[PDB]
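One chain follows as structure tokens, the form deposited in one PDB entry.
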């Protein structure tokens, strides 16, 4: 038995049996022993238990001599940004994404907001916490409240030339998470008219836990766009490190296509740079990056792998189709805010709608959408897929599960690192029929 809340990438579990104030305090103590010198930034999301868990983390950190910088209710990217900006030793964001109401969690970073993951400190914290029967000591360091968002907001706005922006009408859907607070702080500096949907932070989640991928939640943004004639819409998850785009027809744009589009937007500002992308869906990104004079860099999926590869490559931008977009000067971190500012600037400057910006790309590299499978035997199921296709001799790559490139179509098939699932992505060279027949064929094999 090990504490189940400790996952590969972060901590998450049901309160109070898998995560509670006692464990939170012990995590703070253990984190203090894992970090280089300096204070620790703490922030939390809108969930009802988040402040108390953060307080417990603070008590454990301060009992271990760490000054705490409490940045308050915020998004995950604000913990990243402030940890790096203030040159802190590390940071913790108290958040659970789209987990049930009785769940919470923590995302931990060290210096420069470098992720702490299972094999880079998180399981060391787990093992310390698991064995810690010490009496809780008393605080020896202090907590300061630092809710000034000025440097954060200036950083976000530095990505666009405000004088080129047009008064676009934008639907924004925080899903009752925290994104609306940042939208409202940016709004005085922008010419846009916002149509605010599910805007107020509310950890009771009266309109559902924030997950723009669920069709009922997707449709709320789509309807607001259509009914208001908005140029485009943006929705976020609760901690707003993920962003989801809807064109002026209400159509949700698959996150794959935002990677190539945002890469081109960044490459116009930082020419010739490297762009990091995941292996799930690739061909459109590679082509668009190259077309814009950048250099694409294939990387395993998962935010910590993306960030590490961006650092080693001095990459200007990285993007995953799972709705995460990473920016070198933003501490190599992901932001749910930078992407829509860039897209709004692109629409403003080009005179093209978001739909037009992506339409030809979606026709040229149609994709299945990510299809998930919980099967009895994942390894045997993957083996059945590969055995079926062996006679076509695809080019195989093992960066992240199995990528198989057949020429006019390819797939990526991999185990998720956040759920016990297999994830399938298929794309083709402009061939919707081949896309469907191969996707259904693989699905049948996986379910066999």
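Positions refer to the first chain, counted from 1. Take the two forms, find the largest set of C-alpha atoms that superpose within 1.5 Å, and that set is the rigid core.
Comparing 225-233 with 264-272, the higher mean C-alpha B-factor in the PDB entry belongs to 264-272. As the entry records it, the average C-alpha temperature factor is higher for 16-24, out of 16-24 and 435-443. Reading the B-factor column for the CA atoms of 364, 303, 199, 277 in the entry, the top value corresponds to 303. Of the candidates 292, 354, 195, 186, the deposited coordinates give 292 the top C-alpha B factor. In the deposited entry, the Cα temperature factor of residue 47 places it in the middle third of its chain's modelled residues.
Remark: residue 412 belongs to the lowest third of its chain, ranked by C-alpha B-factor as recorded.
Annotation for residue 31: CA B-factor lies in the lowest third of the chain's modelled residues. Among the modelled residues of its chain, residue 146 has a C-alpha B-factor that falls in the highest third, as given in the PDB entry. Among all modelled residues in its chain, residue 397 ranks in the highest third by Cα B-factor.
Quick note: we don't show the form deposited in another entry, though the next part is all about it.
With the core held fixed between the shown form and the other one, residue 52 has its Cα displaced by under 2 Å.
Annotation for residue 420: C-alpha shift of 2 angstroms or more between the shown form and the other one, rigid core superposed.
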